[PDB]
């Protein structure tokens, strides 16, 4: 019959966790409904005219087809998507559709797949714009909390639930950054010193989560000198914003490949940091860590 879900936006990289770390947000999210239909075609409806309805281009259609073929399902599906945020925002918008679809198909056709397999299937949607199955946004979208994609072929995801309170502020510029281009501009090689720094700071962030230390987590998050300083130059007022909220947040950095900005405000300054972000970007959201795709 049919299944409807809310599939969350996610923030990847988190500074020194480039291509590994993922943090699931509670908002924004896509609302996706999948209905089994007798005709074997896959029909897609989406409320954002800039997103393809062709089932071989829309990531939801790509993921559904792969799963339907893999299990010889024999039915088509009509997928209706209401977008939480536009693509190219650095918030895992496409991944929300890829993950939500994987989860919905799994429920609809009772495939009983585990979370890792759902992330693996969702990652095929993320391939439609990569040449490679990136899973750092679809992993948190499925698992909720904080995730680390620690291996590919085969995929490995380690999950750390966030049991404490972690306020999040997200500023969403109206401009977009194409992720392939965002990657082309990155250095092809990094110095041994940056390797040592990022490995240490990233490991420190993991220790910080197990020790519920927001200050440590946020400070190490801001120590990347390899990727963030390069991509931050694509974002108007990003460095000025970092300076203005300096002692009022545990940390602030680029969400995914940008241009969205993610900040972890200190309890005492949450309204003030939100207002500062709003001053620059009217589309600013207050949220927290999410629990992953779920039925709605």
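Positions refer to the first chain, counted from 1. The term rigid core refers to the maximal set of C-alpha atoms that superpose within 1.5 Å between the two forms.
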item: RMS CA shift, core-fitted in 4 other deposited structures of this protein, bigger for 216 to 224 or for 180 to 188; value: 180 to 188
item: 117 to 125 against 171 to 179 - segment lying farther from this form in 4 other deposited structures of this protein (CA RMS, rigid core fit); value: 171 to 179
item: 93 to 101 versus 151 to 159 - greater average Cα B-factor per the deposited record; value: 151 to 159
item: Mean C-alpha B-factor comparison - 44 to 52 and 254 to 262, higher one; value: 44 to 52
item: Among 69, 30, 271, 228 - the residue whose C-alpha B-factor is largest in the record; value: 271
item: Top Cα B factor in the deposited entry, candidates 184, 224, 136, 107; value: 184
item: Where the record places residue 144 (Cα B-factor, split into thirds across the chain); value: lowest
item: Chain-relative CA temperature factor third for residue 288; value: middle
item: Cα B factor band for residue 212 (lowest, middle or highest third within the chain); value: highest
item: For residue 205, the third of its chain into which the C-alpha B factor falls; value: lowest
item: CA B-factor ranking of residue 125, expressed as a third of its chain; value: highest
